[PDB]
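Chains as they are written, first to last, in the deposited numbering: chain d, 2 to 200; chain e, 122 to 308; chain h, 2 to 134; chain b, 4 to 236. Heads up, the beta-carbon is just placed ideally off N, CA and C, and yes, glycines get one too. Data first, discussion second: the structure below is written as C-alpha cells.
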Amino acid sequence: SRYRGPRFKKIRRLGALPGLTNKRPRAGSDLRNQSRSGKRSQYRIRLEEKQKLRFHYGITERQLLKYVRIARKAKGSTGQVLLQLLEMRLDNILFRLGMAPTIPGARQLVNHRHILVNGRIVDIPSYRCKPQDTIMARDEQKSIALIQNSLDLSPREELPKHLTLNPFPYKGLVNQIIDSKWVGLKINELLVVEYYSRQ
Amino acid sequence: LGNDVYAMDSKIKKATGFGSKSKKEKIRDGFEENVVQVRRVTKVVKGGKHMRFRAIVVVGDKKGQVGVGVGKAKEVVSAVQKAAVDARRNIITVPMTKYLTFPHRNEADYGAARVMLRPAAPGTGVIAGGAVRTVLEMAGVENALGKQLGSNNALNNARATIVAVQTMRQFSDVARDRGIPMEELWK
Amino acid sequence: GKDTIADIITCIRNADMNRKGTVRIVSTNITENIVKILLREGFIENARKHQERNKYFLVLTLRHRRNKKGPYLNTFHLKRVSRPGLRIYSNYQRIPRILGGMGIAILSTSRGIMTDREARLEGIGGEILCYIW
Amino acid sequence: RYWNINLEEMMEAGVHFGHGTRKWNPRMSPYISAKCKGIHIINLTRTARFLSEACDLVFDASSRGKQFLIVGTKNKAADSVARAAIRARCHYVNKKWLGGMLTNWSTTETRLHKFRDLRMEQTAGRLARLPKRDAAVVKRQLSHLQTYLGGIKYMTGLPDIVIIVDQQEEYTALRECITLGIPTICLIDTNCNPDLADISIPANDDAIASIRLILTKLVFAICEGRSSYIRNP
RNA sequence: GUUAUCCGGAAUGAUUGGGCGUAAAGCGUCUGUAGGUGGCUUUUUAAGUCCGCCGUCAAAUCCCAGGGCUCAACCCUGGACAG
Ligand SMILES: [Mg+2]
Ligand SMILES: [Mg+2]
Ligand SMILES: [Mg+2]
Ligand SMILES: [Mg+2]
Ligand SMILES: [Mg+2]
Ligand SMILES: [Mg+2]
Ligand SMILES: [Mg+2]
Ligand SMILES: [Mg+2]
Ligand SMILES: [Mg+2]
Ligand SMILES: [Mg+2]
Ligand SMILES: [Mg+2]
Ligand SMILES: [Mg+2]
Ligand SMILES: [Mg+2]
Ligand SMILES: [Mg+2]
Ligand SMILES: [Mg+2]
Ligand SMILES: [Mg+2]
Ligand SMILES: [Mg+2]
Ligand SMILES: [Mg+2]
Ligand SMILES: [Mg+2]
Ligand SMILES: [Mg+2]
Ligand SMILES: [Mg+2]
Ligand SMILES: [Mg+2]
Ligand SMILES: [Mg+2]
Numbered sequence: 002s003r004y005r006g007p008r009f010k011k012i013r014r015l016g017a018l019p020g021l022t023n024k025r026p027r028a029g030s031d032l033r034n035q036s037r038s039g040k041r042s043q044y045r046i047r048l049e050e051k052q053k054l055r056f057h058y059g060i061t062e063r064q065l066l067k068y069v070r071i072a073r074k075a076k077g078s079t080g081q082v083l084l085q086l087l088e089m090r091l092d093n094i095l096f097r098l099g100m101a102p103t104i105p106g107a108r109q110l111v112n113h114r115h116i117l118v119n120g121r122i123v124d125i126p127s128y129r130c131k132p133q134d135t136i137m138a139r140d141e142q143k144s145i146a147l148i149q150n151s152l153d154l155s156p157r158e159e160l161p162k163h164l165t166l167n168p169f170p171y172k173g174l175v176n177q178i179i180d181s182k183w184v185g186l187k188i189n190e191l192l193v194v195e196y197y198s199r200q
Numbered sequence: 122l123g124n125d126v127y128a129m130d131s132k133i134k135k136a137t138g139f140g141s142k143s144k145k146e147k148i149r150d151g152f153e154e155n156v157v158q159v160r161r162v163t164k165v166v167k168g169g170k171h172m173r174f175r176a177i178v179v180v181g182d183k184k185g186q187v188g189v190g191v192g193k194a195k196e197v198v199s200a201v202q203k204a205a206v207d208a209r210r211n212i213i214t215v216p217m218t219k220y221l222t223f224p225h226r227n228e229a230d231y232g233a234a235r236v237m238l239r240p241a242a243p244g245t246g247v248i249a250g251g252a253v254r255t256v257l258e259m260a261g262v263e264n265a266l267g268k269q270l271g272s273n274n275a276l277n278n279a280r281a282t283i284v285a286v287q288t289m290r291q292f293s294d295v296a297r298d299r300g301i302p303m304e305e306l307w308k
Numbered sequence: 002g003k004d005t006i007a008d009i010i011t012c013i014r015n016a017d018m019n020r021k022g023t024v025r026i027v028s029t030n031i032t033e034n035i036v037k038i039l040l041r042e043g044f045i046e047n048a049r050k051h052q053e054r055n056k057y058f059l060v061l062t063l064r065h066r067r068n069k070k071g072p073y074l075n076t077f078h079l080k081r082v083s084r085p086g087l088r089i090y091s092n093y094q095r096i097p098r099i100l101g102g103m104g105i106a107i108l109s110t111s112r113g114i115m116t117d118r119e120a121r122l123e124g125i126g127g128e129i130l131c132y133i134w
Numbered sequence: 004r005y006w007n008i009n010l011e012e013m014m015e016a017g018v019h020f021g022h023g024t025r026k027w028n029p030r031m032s033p034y035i036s037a038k039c040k041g042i043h044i045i046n047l048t049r050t051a052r053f054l055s056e057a058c059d060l061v062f063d064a065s066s067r068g069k070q071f072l073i074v075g076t077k078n079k080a081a082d083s084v085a086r087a088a089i090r091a092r093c094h095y096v097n098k099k100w101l102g103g104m105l106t107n108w109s110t111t112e113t114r115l116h117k118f119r120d121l122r123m124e125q126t127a128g129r130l131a132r133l134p135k136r137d138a139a140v141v142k143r144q145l146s147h148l149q150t151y152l153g154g155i156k157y158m159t160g161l162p163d164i165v166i167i168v169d170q171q172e173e174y175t176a177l178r179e180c181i182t183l184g185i186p187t188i189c190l191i192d193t194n195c196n197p198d199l200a201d202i203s204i205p206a207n208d209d210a211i212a213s214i215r216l217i218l219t220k221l222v223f224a225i226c227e228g229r230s231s232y233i234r235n236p
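Laid out in C-alpha cells, this is it:
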C-alpha cells in the first residue's frame, strides 16, 4: 500500500516533488531520441496534477478519494479544504518540522512507534493533527538519536508559521490550521477538483 | 509641395513588402490561441477529392477577454492561423465577479446548440464539455457550471457560449437601468 | 382571453421585441396593480389611464431603445408561472428569486400583490403570478 | 459654437419633402411629419437637431485631426461632391464605388501603388516610347484608376469618419463602415431605414437643392473645424 | 480484471425538461355528451392558499455538533431542516 518504486523517475515526469526527493534530477538526457507524446490531452494535464499531489504525500488513490468526499462535504472552498486535510497528516507534519529527511522517512518514523502526540504513541501515518498538539520523540535512545541527527544536519529554516519547534527536549507544536499560501507544493487545486467531478 | 516620387516612395516604404518581411508578431498582442477542433472537409472535383482542413479555434488572454473564429486551408498550420486572425476581429468581453465567475444563471441558443451556464462557489473550478469548457477557460472564468443541451457541434456550442456570456448583465448596470441603488436590489 | 394576466404580459413582451415605446393594455385590479409595481421596480417609463365606451386602457411608455435599435444588448423578458392549467404556490422558504435578485418575482398574497422583497420582509408566501427579468 | 440653420432656409432649399407613400419605410414613422398628395413630408424640427449634432461631431472630429470621406454616386450629387471635397480639402467618392474600398484595404492600397506608378509614367512622357496597344492599355488602366481612385488618391491609412449621400443606393458604404468601426453621417429620405447610419439626417433624395443645402452647411462645419485643426496641432 | 444486476450519462416516455409543413407524428370533416379550462365589477364564505401555535410521523440510518476505540471504518450522546 506504499510506493516503493523508483522515485527520480516519477519526478522527471511530474515536476518538482519535495516530499519525495532531495536529489535534483539528471539533465534528463531525452534530447537524443527527442521523443514526445506530441502534447498533452487536457485530461493528461489534470491527471498529472492529481498524481503530483498523491506522490508528494504518499497517499493511495482510494484514500485520496475519501479525502475528496470529506472535502465536498465541508462547508468552504473545496480545493482549499482538501489541501488542508492532506497537509495535516502526521507524517507530513513530522516532515515539515524537519524531524525527518523525506516523507517515506517520516512515515517510517511514525510506523515504528518512535513518535508521541500528547504523551501517547501514535504509529499510524494518516493520523490527523489538530491545533494545539504536541509532537514529541519517544524518550528512548534510538528515537532521540534519529530525530536529533535528521533535525540538526538539515539546515532548512522555512518553518511555516503554524509550526513551532523547541530546542533541547525537541517539542514540536502544531499551532493552528494551514493557510492556502503556506501549502507544501505548487498545485492548482482547481485542476484536481476538476479531475474528480466523475469520482 | 514635395515631389510625388519621394512621398509615394514614403508611403511605399511605410507599407512594407509581404515578400521581404517575415511574419512572427503575435505574442506581442498579449494573446493565446487554442485549437479546439481540426477536421478534414472535402470538395469534390472531376479529378478526385480535394482536401482541406477546417480549424475551430478560440482566443483568450485568460484575463476576461475571449473570442471564437473558424478557418479553412490546405495545411493544418495555415488554417490555424486564419482561425486566429478571424477570432481576433470577432472578439468580446465576459462579465466577471470578484471571485472569477458569472453574475448570474443564463441559457443560450444557436442552431441546435443550447447552452446552460450557472455561477459556482469559488473552488469548484470549471466543469463543462469541450467547446463550452475551452471557451470558458480561455476567457479566464475560474468557477462555472455549464452544460450544453441539444446538439453537440463543437462550433455552434462555442458561438452559443459567446451569446450566453454576451448577454450577461452585471449588477451595476441593472442598477443603472432600473434606476435603483445597488443595496436595494442586493436585498 | 382565457387568461388575462398572461395576456397583458404578452402584449408587453411583443411590443417590446418590436421596439415600440407605447402599448395599449386593458385595465383591471390585477393589471393596474401589476403595472404600478412594474413602475416602482422601474422596468417601464410611465403609465396612464384612458376611457371610451366603458372600456379602460392603460397605456405604457417603455424604456427607450438601447443606443440604437439594431445593436440591443438587453431585452426585457417576461414569463407566466401559475397559469390556469397548473397553479404554483410557495411557502416563505421557497419564495423564488430571479437571477440572484437582479430580476423580480410577482406574488399574490393575503396582503395583496407584491414583489418577493416585500414577501420576505413581511414573512408571507402565496401564489406566484410571473417572473420578470 | 453655432451653425447656420433656420426654418426659412430649410424651407427655401426644399428639404421637407420625400418619396411617394407607396414607397415608404414605416421604420421612419416615428420622426416623419405629414403626408400630402401622395408625397411624404418629413419633420424639420428633427432635421435641425440632427444637422446641428452632425455639424458638431464633424467639428470636433476635424479639430482633433481625423480624416474625412464623402460619398454619393448619383449623377448630380457627383458633380456637387468633387466641389464639396475641394472646398473642404477632404477625400471623396463620386464616380463608381468599388466594393471593398474600406474593408479590404490591403489590396485597395496595392491598387493605389500601381495608380501612383501610372501617374509618374504619364507625366514623365515615357508612354510615347510604346506600341499603340501598350498606350491604349495603359490608358484603360488610367481611365478606370481615375474613376475609382480619384477622390481617395491622397489618403493613406484607414479613414475614420465617413459622410454619405442617400443610403439606399450606397448599401456597401454603410455595410463597410458598419463593419470597420467607422461613423456614418447620412442623408435619409422616406424610403431608407434609420439603422445603417450612426447619425442619420432626415433629408431629400431627388433634389440637387437639398443636397447642396445640407452638404454646404456640413462642408462649412468641416472648414471651420479645418481652421481649428490647422490651429491646434 | 471479466461477466450478471440496477440507476446514471439518456433532454431516449420530457412536471422541472421534447416534439408533430418536409425528419417518427394532426383523427378525412364536422355536431355534440361526460371531463377540463373560461371576461369584467362589488359582497359573502373560507374549500384550496398563506402565517402562528400543538400532537405525531418508533429506535437505528442519512445530515449538523461534540465524545470513545492509538487513526479510520465502526460505536455513543445531543439536536434539527425538509416533507
Ligand atoms: Mg486497502
Ligand atoms: Mg510496474
Ligand atoms: Mg498496532
Ligand atoms: Mg455524476
Ligand atoms: Mg430549437
Ligand atoms: Mg448531452
Ligand atoms: Mg405545501
Ligand atoms: Mg430520464
Ligand atoms: Mg413537457
Ligand atoms: Mg425529438
Ligand atoms: Mg418521407
Ligand atoms: Mg411524415
Ligand atoms: Mg387535417
Ligand atoms: Mg376515421
Ligand atoms: Mg364541438
Ligand atoms: Mg359542458
Ligand atoms: Mg367554473
Ligand atoms: Mg376572473
Ligand atoms: Mg427516526
Ligand atoms: Mg463528526
Ligand atoms: Mg477520535
Ligand atoms: Mg442519534
Ligand atoms: Mg412537520
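Could you name the residues of chain h that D198/b contacts, counting a contact when the two beta carbons are closer than 8 angstroms? Here residue 198/b refers to the residue found at position 195 when the fourth sequence is read from its first residue. Within chain h, the residues near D198/b are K69, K70 and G71.
Indicate whether the contact test is met: 3 or more Cβ pairs, each with one atom in the region 249-257 of chain e and one in the region 197-209 of chain e, closer than 8 angstroms. Pairwise C-beta distances place the region 249-257 of chain e out of contact with the region 197-209 of chain e, as fewer than three of them are shorter than 8 angstroms.
Proximity test, Cβ basis, 8 angstroms: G22/h and chain e: Here residue 22/h is taken as the residue at index 21 of the third sequence, counted from 1. Answer no: the Cβ-Cβ gap between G22/h and chain e never drops below 8 angstroms.
List the endpoints of the continuous alpha helix (DSSP H) containing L152/d. By one-based count along the first sequence, residue 152/d stands at place 151. Element bounds for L152/d: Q142 to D153.
Relative to the C-alpha of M18/h, which residue among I107/h, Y73/h and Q94/h is closest? Against the third sequence, residue 18/h aligns to sequence position 17. For the residues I107/h, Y73/h and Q94/h, the minimum Cα distance to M18/h belongs to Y73/h.
According to the Cβ coordinates, are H225/e and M303/e closer than 8 angstroms? Residue 225/e sits at position 104 when you count from the first residue of the second sequence. Residue 303/e sits at position 182 when you count from the first residue of the second sequence. Result no, Cβ atoms of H225/e and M303/e do not sit closer than 8 angstroms.
Within 8 angstroms (strictly less), CB to CB, does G138/e reach chain d? Indexing the second sequence from 1 puts residue 138/e at position 17. No - not a single Cβ of chain d is within 8 angstroms of the one on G138/e.
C195/b: buried (16+ other C-beta within 10 angstroms of its C-beta) or exposed? Reading the fourth sequence from its first residue, position 192 is the one you call residue 195/b. Buried.
Going by C-alpha to C-alpha distance, which of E49/d, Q35/d, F169/d and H163/d sits closest to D140/d? What you label residue 140/d is simply residue 139 of the first sequence in a count that begins at 1. The option with the nearest alpha carbon to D140/d is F169/d.
Measure the alpha-carbon distance for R143/b versus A88/b and round it to whole angstroms. Taking the fourth sequence and counting its residues from 1, the one referred to as residue 143/b is at position 140. Taking the fourth sequence and counting its residues from 1, the one referred to as residue 88/b is at position 85. Going from the Cα of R143/b to the Cα of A88/b covers about 26 angstroms.
Ranges of the alpha helix (DSSP H) found wholly within the region 107-193 of chain b, counting only runs of at least 4: 108-127, 135-152 and 174-183
Can you check whether the CB of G244/e is closer than 8 angstroms to the CB of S78/d? Counted from its first residue, the first sequence places residue 78/d at position 77. Counted from its first residue, the second sequence places residue 244/e at position 123. Their beta carbons are under 8 angstroms apart, which means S78/d touches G244/e by this criterion.
Give the C-beta separation of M129/e and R119/b to the nearest angstrom, bearing in mind that I take them to be a contact with Cβ-Cβ under 8 angstroms. Along the second sequence, read from residue 1 onward, the residue named residue 129/e stands at position 8. Along the fourth sequence, read from residue 1 onward, the residue named residue 119/b stands at position 116. That pair is a contact at about 4 angstroms.
Which of the three DSSP states is assigned to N176/d in this structure? Locating residue 176/d in the first sequence gives position 175, where the first residue counts as 1. Of the three classes helix, strand and coil, the one that applies to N176/d here is coil, per DSSP.
If you measure between the beta carbons of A72/d and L86/d, is that distance less than 8 angstroms? Residue 72/d sits at position 71 when you count from the first residue of the first sequence. Residue 86/d sits at position 85 when you count from the first residue of the first sequence. Yes, these two residues count as a Cβ contact at 8 angstroms.
Chain-ordered neighbours of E112/b on chain e, where CB pairs are closer than 8 angstroms: Sequence index remark: in the fourth sequence, residue 112/b carries index 109 (1-based). Chain e residues near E112/b: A136.
Mark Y157/b as exposed unless 16 or more other C-beta atoms lie within 10 angstroms of its C-beta, in which case mark it buried. Reading the fourth sequence from its first residue, position 154 is the one you call residue 157/b. Under this definition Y157/b is an exposed residue.
Straight-line gap, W6/b to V222/b (C-alpha atoms, nearest Å): The residue you call residue 6/b lines up with position 3 of the fourth sequence. The residue you call residue 222/b lines up with position 219 of the fourth sequence. Their backbone Cα atoms lie some 11 angstroms apart in a straight line.
Give me, in chain order, the residues of the same chain whose beta-carbon lies closer than 8 angstroms to that of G127/h; leave out the 5 immediate sequence neighbours on both sides. As a position in the third sequence, residue 127/h is number 126, starting the count at 1. Taken in chain order, the residues that qualify are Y90, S91, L108, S109, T110, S111 and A120.
The region 54-68 of chain h: positions lying closer than 7 angstroms to chain e by Cβ: none
Runs of 4 residues minimum, wholly inside the region 70-139 of chain d: which ones carry the alpha helix (DSSP H) assignment? 79-88, 91-97 and 104-112
Considering only DSSP beta bridges, list what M237/e is partnered with. Along the second sequence, one-based indexing puts residue 237/e at 116. Beta-bridge partners of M237/e (DSSP): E228/e and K268/e.
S2/d Cβ short of 7 angstroms to ligand 1 heavy atom set: The residue labelled residue 2/d in the question sits at position 1 within the first sequence. Because some heavy atom of ligand 1 lies under 7 angstroms away, the Cβ of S2/d counts as near it: yes.
Inter-residue spacing [alpha-carbon to alpha-carbon] between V162/e and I283/e: Your numbering for residue 162/e matches position 41 in the second sequence. Your numbering for residue 283/e matches position 162 in the second sequence. Going by the C-alpha atoms only, they are around 25 angstroms apart.
Mapping DSSP to helix, strand and coil, what is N47/h? Position 46 of the third sequence, counting from 1, holds the residue named residue 47/h. In this structure, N47/h counts as strand in the three-state DSSP scheme.
Proximity test, Cβ basis, 8 angstroms: residue 311/e and chain d: For residue 311/e there is no data in the structure shown, the boundaries of chain e being 122 and 308.
Inter-stretch contact (C-beta, 8 angstroms, three-pair minimum) for the region 66-74 of chain b and the region 35-54 of chain b: no
Which runs of the alpha helix (DSSP H), 4 residues or longer, sit entirely within the region 68-101 of chain b? 78-91
Chain-ordered neighbours of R4/b on chain e, where CB pairs are closer than 9 angstroms: Along the fourth sequence, read from residue 1 onward, the residue named residue 4/b stands at position 1. Correct list: empty, because the minimum Cβ distance to chain e is about 31 angstroms.
Check for me: the beta strand (DSSP E) holding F58/h runs from which residue to which? Taking the first residue of the third sequence as 1, we reach residue 58/h at position 57. Where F58/h is concerned, the enclosing beta strand (DSSP E) stretches over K56 to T62.
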